[PDB]
Amino acid sequence: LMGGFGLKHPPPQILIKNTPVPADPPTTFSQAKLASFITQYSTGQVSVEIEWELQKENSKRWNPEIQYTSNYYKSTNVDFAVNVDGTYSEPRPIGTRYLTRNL
Amino acid sequence: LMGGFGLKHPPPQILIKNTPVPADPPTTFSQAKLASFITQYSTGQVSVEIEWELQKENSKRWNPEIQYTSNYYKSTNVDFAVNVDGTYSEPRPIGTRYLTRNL
Amino acid sequence: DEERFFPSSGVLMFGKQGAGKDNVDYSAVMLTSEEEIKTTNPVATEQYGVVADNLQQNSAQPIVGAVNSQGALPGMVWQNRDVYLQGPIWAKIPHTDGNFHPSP
C-alpha cells in the first residue's frame, strides 16, 4: 500500500555485527559472562547492483506527451545538487507516471 | 544558413506533369501548334520513407535535464491537434536542442 | 412470486422494432430477467443481510443494521449476468494494474 513490488520471497535481510573482543579477564576463574569489552567500530564499502527490466512505450498518440523537466529559469542552487555548505537535497517528489495509455 | 544538412548530391527533384490531351483538330491540316486541350487534373497518393541514424546520449550528468513537455494545465484545444472547425495547427516552434553536453 | 418488480437500472432493456430514442412507453421496451441466478445471487432490490451495529450488554439491547452494498467476502459464489440473442458478445478488459472478476 505504500508502493512498489509485493514479494513472497523478497531480497533477504543482510545482518552485520562487530564481533565482541573482551578486555583482559580477571586471571582467576569466574563463571559470570564477560561484561568488559574493547570499544570498536567498523567501516567499509557496500556495493549493490540491480538489473531492471523495461517495458517500452508503444503509443501511437499524435500530440506530444508530458515529460518530467528541469525548470529553465535561473536559481541560486541546482535542483538535486549540493549547496554552498555541501549538503545534498531532493527538492520535490518525482513520481513515475508521465506517459499515457488508453484504458 | 537556414538550417539542416548541406548536401553536394541532395535528394533529387521529382517533377510531375499532366500529359496534354488535345481537343479535336481542324480536319484540314494546319502547321500551327495545337492550342486547344481537354481540361484535366490528376490526383493520387505519395509516400516517402526516410531512415534516420541516431546518436545516443552518453551523459554522466547527475541532475535531471530539461525536456520538451506539453503543458499540464487545461486548455480549449489540444496542442498539435485539430480544432472544432477541423483545421490542424502547430502552436509553437520546437527546436531540437534540449539535452546538454560539455565543451 | 414478484415478476412486476425490477431494479431501476439493474437489468438490460431492449426496444421493440420501431421504438423511438426518447421517452418511450413501457410497451415498446423489452426487459430481461436475471431471476435464474437467485440461487447464488442476492436480489438486486433487497438487502444483502444484517450485521451487528453495537456491543451487547444487559443495559443495551442488540441492534442489527442492514447491508445494502457488500464487497467480496471469502466464501462467496455467484453467477455472471446472462447473455442474450441481441446482446453484446464481448468487451475489452481495461488495461490496469488490477481488476476483480473481469467479466463485463
# chains A, B, ... in the order shown; residues from 1 in each chain; ligands from 1
call {"tool": "closest_atom_pairs", "arguments": {"of": "chain A", "to": "chain B", "cutoff": "6 Å", "atoms": "only C-alpha atoms", "output": "Markdown table"}}
result
| residue | atom | partner | partner_atom | distance |
| --- | --- | --- | --- | --- |
| A:63 | CA | B:80 | CA | 5.5 |
| A:65 | CA | B:70 | CA | 5.8 |
| A:66 | CA | B:70 | CA | 4.7 |
| A:67 | CA | B:69 | CA | 5.0 |
| A:69 | CA | B:66 | CA | 4.9 |
| A:70 | CA | B:66 | CA | 4.7 |
| A:80 | CA | B:63 | CA | 5.5 |
call {"tool": "write_last_selection", "arguments": {"atoms": "N, CA, C and O atoms", "output": "compact mmCIF listing (two decimals), in the first residue's frame"}}
result
# COMPACT_ATOMS: atom_id res chain seq x y z
N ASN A 63 -0.03 13.93 -30.56
CA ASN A 63 0.46 15.13 -29.90
C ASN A 63 1.52 14.78 -28.86
O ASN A 63 1.54 13.67 -28.33
N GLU A 65 3.57 14.22 -25.52
CA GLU A 65 3.26 13.83 -24.15
C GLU A 65 3.97 14.70 -23.13
O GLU A 65 4.98 15.35 -23.40
N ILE A 66 3.40 14.73 -21.92
CA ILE A 66 4.02 15.40 -20.79
C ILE A 66 5.27 14.65 -20.36
O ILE A 66 5.28 13.41 -20.31
N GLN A 67 6.33 15.39 -20.05
CA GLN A 67 7.59 14.82 -19.61
C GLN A 67 7.96 15.44 -18.28
O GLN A 67 7.43 16.48 -17.89
N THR A 69 10.61 17.57 -16.41
CA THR A 69 11.53 18.58 -16.90
C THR A 69 12.14 19.34 -15.74
O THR A 69 11.49 19.56 -14.72
N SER A 70 13.40 19.73 -15.89
CA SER A 70 14.01 20.71 -15.01
C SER A 70 13.56 22.10 -15.41
O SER A 70 13.40 22.40 -16.59
N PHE A 80 18.58 18.94 -7.10
CA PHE A 80 19.27 17.66 -6.98
C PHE A 80 20.78 17.84 -7.09
O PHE A 80 21.45 17.22 -7.92
call {"tool": "residues_around", "arguments": {"residues": "residue 77 (chain C)", "least_positions_apart": "4", "cutoff": "12 Å", "atoms": "only C-alpha atoms", "output": "tab-separated table (two decimals) with N, CA, C and O atoms, in the first residue's frame"}}
result
chain	number	residue	atom	x	y	z
C	37	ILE	N	-30.62	-16.62	-11.50
C	37	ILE	CA	-29.45	-16.63	-10.63
C	37	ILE	C	-29.79	-16.35	-9.18
C	37	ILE	O	-28.87	-16.22	-8.36
C	38	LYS	N	-31.07	-16.26	-8.83
C	38	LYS	CA	-31.44	-16.01	-7.44
C	38	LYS	C	-31.05	-17.15	-6.52
C	38	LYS	O	-31.26	-17.05	-5.31
C	39	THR	N	-30.51	-18.24	-7.06
C	39	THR	CA	-29.98	-19.30	-6.22
C	39	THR	C	-28.70	-18.88	-5.52
C	39	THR	O	-28.58	-19.04	-4.30
C	40	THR	N	-27.71	-18.39	-6.26
C	40	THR	CA	-26.48	-17.90	-5.66
C	40	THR	C	-26.39	-16.39	-5.49
C	40	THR	O	-25.52	-15.94	-4.73
C	41	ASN	N	-27.23	-15.61	-6.14
C	41	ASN	CA	-27.07	-14.16	-6.19
C	41	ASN	C	-28.13	-13.45	-5.38
C	41	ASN	O	-29.32	-13.76	-5.52
C	42	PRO	N	-27.75	-12.54	-4.50
C	42	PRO	CA	-28.75	-11.73	-3.80
C	42	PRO	C	-29.63	-10.97	-4.78
C	42	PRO	O	-29.21	-10.64	-5.89
C	72	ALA	N	-16.51	-8.30	-1.89
C	72	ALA	CA	-16.19	-9.71	-1.88
C	72	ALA	C	-15.75	-10.17	-0.50
C	72	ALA	O	-14.89	-9.55	0.13
C	73	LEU	N	-16.35	-11.26	-0.04
C	73	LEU	CA	-16.03	-11.95	1.19
C	73	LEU	C	-15.57	-13.36	0.88
C	73	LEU	O	-16.07	-13.97	-0.07
C	101	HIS	N	-12.59	-10.13	-11.04
C	101	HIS	CA	-13.53	-10.95	-11.80
C	101	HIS	C	-13.89	-10.24	-13.10
C	101	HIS	O	-15.04	-9.82	-13.27
call {"tool": "select_by_dssp", "arguments": {"residues": "region 1-91 of chain A", "states": "strand (DSSP E or B)", "output": "VMD selection string"}}
result
chain A and resid 22 37 82 88
call {"tool": "write_last_selection", "arguments": {"atoms": "N, CA and C atoms", "output": "CSV table (one decimal), in the first residue's frame"}}
result
chain,number,residue,atom,x,y,z
A,22,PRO,N,36.8,-9.1,24.1
A,22,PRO,CA,36.8,-8.7,25.5
A,22,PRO,C,38.1,-8.2,26.0
A,37,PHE,N,34.5,-5.1,27.4
A,37,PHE,CA,35.0,-5.3,26.0
A,37,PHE,C,35.8,-4.1,25.6
A,82,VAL,N,24.4,19.6,-4.5
A,82,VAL,CA,24.8,20.1,-3.3
A,82,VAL,C,24.7,21.6,-3.2
A,88,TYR,N,23.4,17.6,0.2
A,88,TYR,CA,22.6,17.2,-1.0
A,88,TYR,C,21.2,17.2,-0.6
call {"tool": "interface_residues", "arguments": {"of": "chain C", "to": "chain A", "cutoff": "12 Å", "atoms": "only C-alpha atoms", "output": "list in words"}}
result
residues 92, 93, 94, 95, 96 and 97 of chain C
call {"tool": "closest_residue", "arguments": {"among": "C:17, C:68, C:61, C:32", "to": "residue 82 (chain C)", "atoms": "only C-alpha atoms"}}
result
C:32
call {"tool": "closest_residue", "arguments": {"among": "B:18, B:86, B:30, B:57", "to": "residue 42 (chain B)", "atoms": "only C-alpha atoms"}}
result
B:18
call {"tool": "residues_around", "arguments": {"residues": "residue 50 (chain B)", "least_positions_apart": "3", "cutoff": "12 Å", "atoms": "only C-alpha atoms", "output": "list in words"}}
result
residues 11, 47 and 53 of chain B
call {"tool": "closest_residue", "arguments": {"among": "C:87, C:22, C:36, C:44", "to": "residue 5 (chain C)", "atoms": "only C-alpha atoms"}}
result
C:44
call {"tool": "residues_around", "arguments": {"residues": "residue 41 (chain A)", "least_positions_apart": "5", "cutoff": "12 Å", "atoms": "only C-alpha atoms", "output": "PyMOL selection string"}}
result
chain A and resi 16-21
